[PDB]
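Below: the structure, in structure tokens.
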Amino acid sequence: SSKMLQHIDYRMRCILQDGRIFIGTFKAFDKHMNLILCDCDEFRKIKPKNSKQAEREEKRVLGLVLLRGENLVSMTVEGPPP
Amino acid sequence: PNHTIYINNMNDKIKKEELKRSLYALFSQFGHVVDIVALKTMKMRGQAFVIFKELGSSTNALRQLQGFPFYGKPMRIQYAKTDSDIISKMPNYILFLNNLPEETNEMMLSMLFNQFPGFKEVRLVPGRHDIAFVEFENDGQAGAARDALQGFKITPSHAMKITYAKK
Amino acid sequence: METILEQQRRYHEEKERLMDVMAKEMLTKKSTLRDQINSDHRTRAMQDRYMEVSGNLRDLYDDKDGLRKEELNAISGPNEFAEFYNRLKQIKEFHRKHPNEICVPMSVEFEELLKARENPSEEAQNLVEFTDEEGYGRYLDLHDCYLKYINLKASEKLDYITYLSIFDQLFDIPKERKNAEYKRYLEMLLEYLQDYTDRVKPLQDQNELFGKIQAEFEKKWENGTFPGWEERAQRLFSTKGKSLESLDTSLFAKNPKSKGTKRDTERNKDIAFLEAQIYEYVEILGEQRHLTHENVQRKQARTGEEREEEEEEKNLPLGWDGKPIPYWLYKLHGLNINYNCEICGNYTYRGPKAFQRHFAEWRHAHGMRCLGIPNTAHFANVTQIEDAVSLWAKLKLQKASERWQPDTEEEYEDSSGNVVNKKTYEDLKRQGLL
Amino acid sequence: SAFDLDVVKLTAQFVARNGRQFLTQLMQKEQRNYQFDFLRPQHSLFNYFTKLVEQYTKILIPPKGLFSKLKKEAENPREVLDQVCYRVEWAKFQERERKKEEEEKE
Amino acid sequence: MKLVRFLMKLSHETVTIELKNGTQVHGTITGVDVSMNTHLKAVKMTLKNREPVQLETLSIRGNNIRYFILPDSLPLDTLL
Amino acid sequence: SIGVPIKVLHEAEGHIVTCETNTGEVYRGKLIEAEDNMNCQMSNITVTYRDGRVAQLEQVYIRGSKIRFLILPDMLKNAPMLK
Amino acid sequence: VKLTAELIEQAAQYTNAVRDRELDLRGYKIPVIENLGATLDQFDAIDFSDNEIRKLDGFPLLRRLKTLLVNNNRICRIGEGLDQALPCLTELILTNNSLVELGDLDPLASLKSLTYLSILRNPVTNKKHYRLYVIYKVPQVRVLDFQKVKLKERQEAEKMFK
Amino acid sequence: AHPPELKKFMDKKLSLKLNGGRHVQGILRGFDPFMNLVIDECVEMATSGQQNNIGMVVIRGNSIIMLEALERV
RNA sequence: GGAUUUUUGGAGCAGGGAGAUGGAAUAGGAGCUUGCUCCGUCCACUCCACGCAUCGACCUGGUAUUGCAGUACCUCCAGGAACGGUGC
């Protein structure tokens, strides 16, 4: 089977090696399943180092990113296909 | 004219990204935002271009924002000499064009005459040179762009002005 | 505006539309069970729309009590009437009508075509209120509390019989220590169950049932709700016995009943509410848990095909006399061969002359029309649409070629010894030179 | 139209305050130097005026929004269920009436 | 033989996956291939110090998983 | 077998790309020579080492084993891999 | 005319000019602000070019919003619950709008995130001490009429109108 | 099963980032299809500016995730 | 087809010290609730060694450029550290 092959072409939050979520309009898979995420961005925790300061995420966009196979912790859908 | 509109005459102590945010906020109104080509190298500093969906949109942002105050000096916007790479990969009804080039390319002349709601056709008088007659399938469109073209620059060596054809 | 009048106008429209929608929804029904649960919720919510109308209209005296004395005069009239009417005599020449002056509440509290929902009814349904097997009111979620109890007790025989016995009864000596977090876990499973019950009984007064359950928690447990004959009175949420009723009461407010035990009257408040809610939900769904247990017995002992599917719950052509066509004849006619006609909705044809006549048959005709190209012969047997369009493209070019168009061909000299076409000649002729 | 509907609303406002059969706030408006085109009973708009008057009365009954307001509607889904069932019972009797009338006429 | 094939006995199966980034999730996965590739669905996931985040169609990786929990009505010898 | 990922890497090699590595070593520059094992040779790159002094070196050999991602030509969005 | 989630899902949610997620709905004259959260947490800009929205109101809970186009609209006033529904909001560009009096600046100050704003082409523009009212009420602002705010302007705007 | 393209870079100077944040400054000298680039005249660079000449480092691509160039080759 | 480049993993973890400095309403133990004493999770202020440097963006005023091209990022001086990860 090729499970993701139905859920590709939509903006999908792929998870990282370090716990980010990156919503790229995913393209395709492999045997290593290295990701080719188009119209793809990222966002990770802006750690306050404290509690009276709160936690946010600063916006980063790569556009089209070729995430090497060692990346995925998961792949979920966060945007329908445009 | 052009759908790629030049937007310049602002300050340089302002950032490219920040002035881009300002231009987006102030351009989604008069036109559509497709892409802001902004270079802050020295050869073209303090200037950028916004590629709007419509050529009349870009020239109308130019004619309304004909010196709109912003960023250290009232910014001036006009049409460009050509169009951007995205759009590159993508009173009467009839009026005589005086100072009509014996050199103009009928393609760009057509894009000029069809700036308006689609023109009928342009007829560059091929006898005694330097005359034309253009008709528009919408007479209000013809008169609109012909009045806004009274003194219009095309090939800036001249001003191409179209008035209502006589009786 | 009209507050002590127009406010009542809006409230009357709202309550009347609500009453019509309620009458229709509570008189006619549907077949679906998720739809039935959602529709009981929707009848309660229509009562709730009338309820917002009533919360506006029942305390709406700030306009009535004061305007009933100023509008309680019997002298004036056409003066104020003429002020209003001379304001109303503005330019209202806008000749058009409006049924969106009385025609809202039917589209608000009526049924739809695909889902019987009104203006509010864009998301009216048991959407998140029905799980996979739960069935909108057929099964419930005991698996999650079962998994929590499994991870808590960790018993090599905590199996179907023990689970069902712990989840069916009300207040027996429990199969786990309630003096640990097992009581709080039962309270959480009971919170899920009570949400399920508040969704499964939606047409009942939720606030009134809450007030009855609150009087229950406040008197019916602690004021001698369980009698006895140590046996005069004891608590299943306190774990303290009584030599008699007065002894129970006195140990309720004594020192060791005030703060001298971590299982005190308030230090057991959360686990006590959990115990009470769980017991009430179980003792109400003694039939519901029973049906769920019967279902579980089926889902444990039923055969694989039925169980999985319920969880998921010679070609011989016709003759005139409607029989098989014999085999040598079938081979002759060669029906085996199928023709992919893309023009016909990817229709595919058996029989070759059949295929061919189809090119003038309807489905091909339609295909053509909607393709934007007439059903002329020139394309017949061209079945792919890009081929068709490039074919008809060059055909178009040739038809326009061999047309004689007087506009570009028929050509006119002006007086000045130079020539133009017919078109331009008349153009500059009638725009004032020629 | 919105203007005609507003005029009908003013007609209902006058019929809510008309306190005598021959004395009211609209007797003046009829022949008082203005147009009065909802004042006809032979006009079909007389029927919509009668409906608007019924609405003004539904607002003018003391239990309808004058000085008392009951909360069995604003917080009452049980009385609402009673009312739904009452409408349904009226509907059942009415279906029986229609069937009997059709049979008798046939 | 391997227990990758034992985890291949899971479809329409109620499982719980504790993954590599301190993750613990309840999931009815979509479909699992020979390299442990088990894509989650309607899953409630919580990484290290997290929330019950929901994924209706998610693709949980292989070697980036740690522990798997099978159904209770799951015969072990019949599953391997 | 052969990866349309590797076809994407081949369409991303030769020009300005921006690789991002494990500890934050991110090199934005001419990713000249990348072999399907992803040991990317970059040329005239500006690499941060996650250090925020994202300094410009020349002809770096940034392995792809640590490569968290790789920002590629935004003009091949209509690739032959996806189309 | 019904403005639905038809025109909000069919809207374009993709790369804006400043490379952010923008969702354009140009060419509808939509006066109905409903059914929007179906951007599905993948959007930061909501654009309603060519709209007739009776005022500024009607948005859903968007903790992410980063740009909104309410220009070429029928904005007369300014609604209240804007901040908790746009905490990430800096760009709420409402030029070519019809705000009139400084009472339409009542919810304008409650945001902690406003820096890039535009209310141009409003009768609140040529009024005296209007930019003074703005530079008083908007603390964290940085982009006002497409030229920086000033500490002198802030001094004037705090000190005046005691 | 394909050797790596260090071919014009061989016998030339690279400053490499290997794991432990370390650097190996040296000459490209020898490798395998395992990419084990071996540096002679290679010196370590620690967290602190301390650097020791190592003689001949056969530095496995097991860790070294970077290496920059000293010349054009 | 679990051994130096991707999918049988090097992942886990913990935030530097102190002052008769303080907040836990609904949540910690004992001295058998209230009062009060000591005790094993943070942040605000202040003392060190604003946990230490780099750089980047920005806020401040001054300051150079009027210019056509598809961007990692393009002024200079000076302050402050509101924010990020890199060496200890």
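Naming works like this for the structure tokens: A, B, ... for the chains as they're shown, residue 1 at the start of each chain, ligands 1 onward in shown order.
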Please run DSSP on the backbone and report, as a ChimeraX atom specification, all residues within region 333-423 of chain C that come out as strand (DSSP E). /C:338-341,347-350,411-413,419-421
With a cut-off of 10 Å and counting only C-alpha atoms, select all residues of chain F in contact with chain H and give the selection as JSON, numbers by chain. {"F": [21, 22, 23, 25, 27, 33, 34, 35, 36, 37, 38, 39, 40, 41, 42, 43, 44, 45, 49, 57, 58, 59, 60, 61, 62, 63, 64, 65, 66, 67]}
Applying 10 Å and only C-alpha atoms (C1' of nucleotides), which residues near region 1-12 of chain F remain after dropping the ones on its own chain fewer than 4 positions away? List them as JSON, numbers by chain. {"A": [27, 28, 29, 30, 31, 32, 33, 34, 35, 36, 64, 65, 66, 67, 68, 69], "F": [16, 17, 18, 30, 31, 32, 33, 34, 35, 36, 37, 38, 40, 70, 71, 72, 73, 74, 76, 79, 80, 81, 82]}
How would the residues just chosen look if you wrote them out with N, CA and C atoms as an mmCIF file, in the first residue's frame?
```
data_model
loop_
_atom_site.group_PDB
_atom_site.id
_atom_site.type_symbol
_atom_site.label_atom_id
_atom_site.label_comp_id
_atom_site.auth_asym_id
_atom_site.auth_seq_id
_atom_site.Cartn_x
_atom_site.Cartn_y
_atom_site.Cartn_z
ATOM 1 N N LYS A 27 3.774 16.447 -1.801
ATOM 2 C CA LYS A 27 3.716 15.900 -3.148
ATOM 3 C C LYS A 27 3.711 14.372 -3.171
ATOM 4 N N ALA A 28 4.767 13.744 -2.662
ATOM 5 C CA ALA A 28 5.066 12.375 -3.076
ATOM 6 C C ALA A 28 5.847 11.655 -1.980
ATOM 7 N N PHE A 29 5.980 10.342 -2.150
ATOM 8 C CA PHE A 29 6.605 9.451 -1.184
ATOM 9 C C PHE A 29 7.797 8.757 -1.833
ATOM 10 N N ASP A 30 8.388 7.823 -1.097
ATOM 11 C CA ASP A 30 9.528 7.059 -1.590
ATOM 12 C C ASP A 30 9.598 5.751 -0.807
ATOM 13 N N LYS A 31 10.721 5.041 -0.942
ATOM 14 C CA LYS A 31 11.008 3.930 -0.040
ATOM 15 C C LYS A 31 11.635 4.444 1.247
ATOM 16 N N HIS A 32 12.475 5.472 1.140
ATOM 17 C CA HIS A 32 12.880 6.279 2.285
ATOM 18 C C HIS A 32 11.833 7.326 2.648
ATOM 19 N N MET A 33 10.895 7.603 1.739
ATOM 20 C CA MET A 33 9.780 8.524 1.941
ATOM 21 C C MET A 33 10.242 9.953 2.178
ATOM 22 N N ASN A 34 11.338 10.364 1.544
ATOM 23 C CA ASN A 34 11.796 11.738 1.680
ATOM 24 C C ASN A 34 10.779 12.688 1.056
ATOM 25 N N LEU A 35 10.439 13.728 1.809
ATOM 26 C CA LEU A 35 9.299 14.579 1.506
ATOM 27 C C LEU A 35 9.702 15.671 0.528
ATOM 28 N N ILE A 36 8.803 15.984 -0.401
ATOM 29 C CA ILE A 36 8.933 17.144 -1.276
ATOM 30 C C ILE A 36 7.713 18.019 -1.041
ATOM 31 N N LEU A 64 9.254 25.430 -1.197
ATOM 32 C CA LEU A 64 9.335 24.016 -1.547
ATOM 33 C C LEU A 64 10.590 23.454 -0.891
ATOM 34 N N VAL A 65 10.410 22.467 -0.016
ATOM 35 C CA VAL A 65 11.488 21.906 0.790
ATOM 36 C C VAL A 65 11.599 20.411 0.510
ATOM 37 N N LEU A 66 12.832 19.931 0.354
ATOM 38 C CA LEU A 66 13.110 18.513 0.125
ATOM 39 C C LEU A 66 13.587 17.900 1.436
ATOM 40 N N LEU A 67 12.640 17.607 2.322
ATOM 41 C CA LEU A 67 12.938 17.103 3.660
ATOM 42 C C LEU A 67 13.507 15.696 3.542
ATOM 43 N N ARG A 68 14.764 15.535 3.940
ATOM 44 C CA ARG A 68 15.424 14.240 3.870
ATOM 45 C C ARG A 68 14.682 13.204 4.709
ATOM 46 N N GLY A 69 14.786 11.944 4.286
ATOM 47 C CA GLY A 69 14.001 10.857 4.844
ATOM 48 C C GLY A 69 14.037 10.692 6.352
ATOM 49 N N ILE F 16 20.964 28.201 -6.372
ATOM 50 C CA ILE F 16 20.712 28.599 -4.994
ATOM 51 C C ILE F 16 19.591 27.747 -4.417
ATOM 52 N N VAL F 17 19.922 26.965 -3.397
ATOM 53 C CA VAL F 17 18.948 26.269 -2.574
ATOM 54 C C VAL F 17 19.279 26.640 -1.136
ATOM 55 N N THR F 18 18.582 26.047 -0.176
ATOM 56 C CA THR F 18 18.921 26.316 1.222
ATOM 57 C C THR F 18 18.710 25.024 2.015
ATOM 58 N N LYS F 30 24.606 27.815 -3.561
ATOM 59 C CA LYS F 30 24.557 26.996 -4.771
ATOM 60 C C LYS F 30 24.847 25.542 -4.420
ATOM 61 N N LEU F 31 23.796 24.740 -4.280
ATOM 62 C CA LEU F 31 23.947 23.335 -3.895
ATOM 63 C C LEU F 31 24.445 22.545 -5.099
ATOM 64 N N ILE F 32 25.747 22.647 -5.378
ATOM 65 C CA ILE F 32 26.267 22.280 -6.695
ATOM 66 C C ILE F 32 26.086 20.791 -6.960
ATOM 67 N N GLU F 33 26.752 19.953 -6.172
ATOM 68 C CA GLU F 33 26.829 18.528 -6.452
ATOM 69 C C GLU F 33 26.155 17.752 -5.333
ATOM 70 N N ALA F 34 24.956 17.251 -5.610
ATOM 71 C CA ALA F 34 24.253 16.372 -4.693
ATOM 72 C C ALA F 34 24.073 15.018 -5.363
ATOM 73 N N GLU F 35 24.494 13.973 -4.653
ATOM 74 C CA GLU F 35 24.363 12.605 -5.135
ATOM 75 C C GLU F 35 23.231 11.951 -4.359
ATOM 76 N N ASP F 36 22.540 10.980 -4.970
ATOM 77 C CA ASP F 36 21.270 10.502 -4.424
ATOM 78 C C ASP F 36 21.397 10.046 -2.975
ATOM 79 N N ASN F 37 22.624 9.840 -2.493
ATOM 80 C CA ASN F 37 22.893 9.669 -1.071
ATOM 81 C C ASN F 37 22.895 11.002 -0.304
ATOM 82 N N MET F 38 22.664 12.116 -0.999
ATOM 83 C CA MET F 38 22.345 13.429 -0.440
ATOM 84 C C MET F 38 23.542 14.144 0.175
ATOM 85 N N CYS F 40 25.442 16.717 -0.033
ATOM 86 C CA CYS F 40 25.261 17.875 -0.894
ATOM 87 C C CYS F 40 26.514 18.737 -0.848
ATOM 88 N N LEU F 70 15.489 20.920 2.772
ATOM 89 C CA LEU F 70 16.225 21.559 1.683
ATOM 90 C C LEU F 70 15.257 22.369 0.832
ATOM 91 N N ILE F 71 15.313 23.696 0.959
ATOM 92 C CA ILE F 71 14.473 24.613 0.188
ATOM 93 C C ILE F 71 15.003 24.662 -1.244
ATOM 94 N N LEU F 72 14.154 24.291 -2.199
ATOM 95 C CA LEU F 72 14.524 24.071 -3.592
ATOM 96 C C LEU F 72 13.946 25.165 -4.477
ATOM 97 N N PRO F 73 14.293 25.161 -5.780
ATOM 98 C CA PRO F 73 13.657 26.086 -6.727
ATOM 99 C C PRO F 73 12.148 26.208 -6.583
ATOM 100 N N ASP F 74 11.700 27.430 -6.281
ATOM 101 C CA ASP F 74 10.278 27.738 -6.225
ATOM 102 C C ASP F 74 9.654 27.855 -7.609
ATOM 103 N N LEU F 76 10.014 25.224 -10.002
ATOM 104 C CA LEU F 76 9.637 23.879 -10.417
ATOM 105 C C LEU F 76 8.467 23.326 -9.612
ATOM 106 N N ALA F 79 6.478 20.317 -11.085
ATOM 107 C CA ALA F 79 7.484 19.314 -11.386
ATOM 108 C C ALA F 79 6.916 18.230 -12.305
ATOM 109 N N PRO F 80 7.779 17.410 -12.914
ATOM 110 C CA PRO F 80 7.288 16.173 -13.540
ATOM 111 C C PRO F 80 7.042 15.053 -12.540
ATOM 112 N N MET F 81 7.561 15.173 -11.316
ATOM 113 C CA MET F 81 7.291 14.181 -10.279
ATOM 114 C C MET F 81 5.825 14.217 -9.862
ATOM 115 N N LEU F 82 5.347 15.387 -9.440
ATOM 116 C CA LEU F 82 3.942 15.521 -9.079
ATOM 117 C C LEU F 82 3.100 15.887 -10.294
#
```
Nearby residues (only C-alpha atoms (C1' of nucleotides)) at most 6 Å from residue 24 (chain G), same-chain spacing under 2 positions excluded, as a count of residues only: 4
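You will find CA of residue 59 (chain D) at 28.0 Å from CA of residue 111 (chain C).
Those residues that approach residue 151 (chain G) to within 10 Å, counting only C-alpha atoms (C1' of nucleotides), are residues 135, 156 and 157 of chain G; 59, 60 and 61 of chain I; same-chain residues fewer than 5 positions away are not listed.
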With a cut-off of 8 Å and counting only C-alpha atoms, select all residues of chain B in contact with chain G and give the selection as a PDB file with C-alpha atoms, in the first residue's frame.
```pdb
ATOM      1  CA  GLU B  17       9.878  43.504   4.067  1.00  0.00           C
ATOM      2  CA  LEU B  19       7.566  48.487   3.130  1.00  0.00           C
ATOM      3  CA  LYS B  20       6.256  45.322   1.468  1.00  0.00           C
ATOM      4  CA  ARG B  21       3.721  44.908   4.289  1.00  0.00           C
ATOM      5  CA  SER B  22       2.717  48.567   3.925  1.00  0.00           C
ATOM      6  CA  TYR B  24       0.292  45.027   0.514  1.00  0.00           C
ATOM      7  CA  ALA B  25      -2.099  46.746   2.926  1.00  0.00           C
ATOM      8  CA  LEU B  26      -2.279  49.789   0.613  1.00  0.00           C
ATOM      9  CA  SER B  28      -5.047  45.076  -1.977  1.00  0.00           C
ATOM     10  CA  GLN B  29      -7.473  48.021  -2.168  1.00  0.00           C
ATOM     11  CA  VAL B  33      -1.479  41.607  -4.931  1.00  0.00           C
ATOM     12  CA  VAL B  34       0.237  38.944  -7.033  1.00  0.00           C
ATOM     13  CA  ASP B  35       3.886  39.598  -6.123  1.00  0.00           C
ATOM     14  CA  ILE B  36       6.000  42.508  -4.903  1.00  0.00           C
ATOM     15  CA  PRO B  69       2.125  60.169   1.384  1.00  0.00           C
ATOM     16  CA  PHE B  70       4.187  57.341   2.872  1.00  0.00           C
ATOM     17  CA  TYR B  71       7.622  56.384   4.207  1.00  0.00           C
ATOM     18  CA  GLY B  72       9.568  59.632   4.403  1.00  0.00           C
TER      19      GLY B  72
END
```
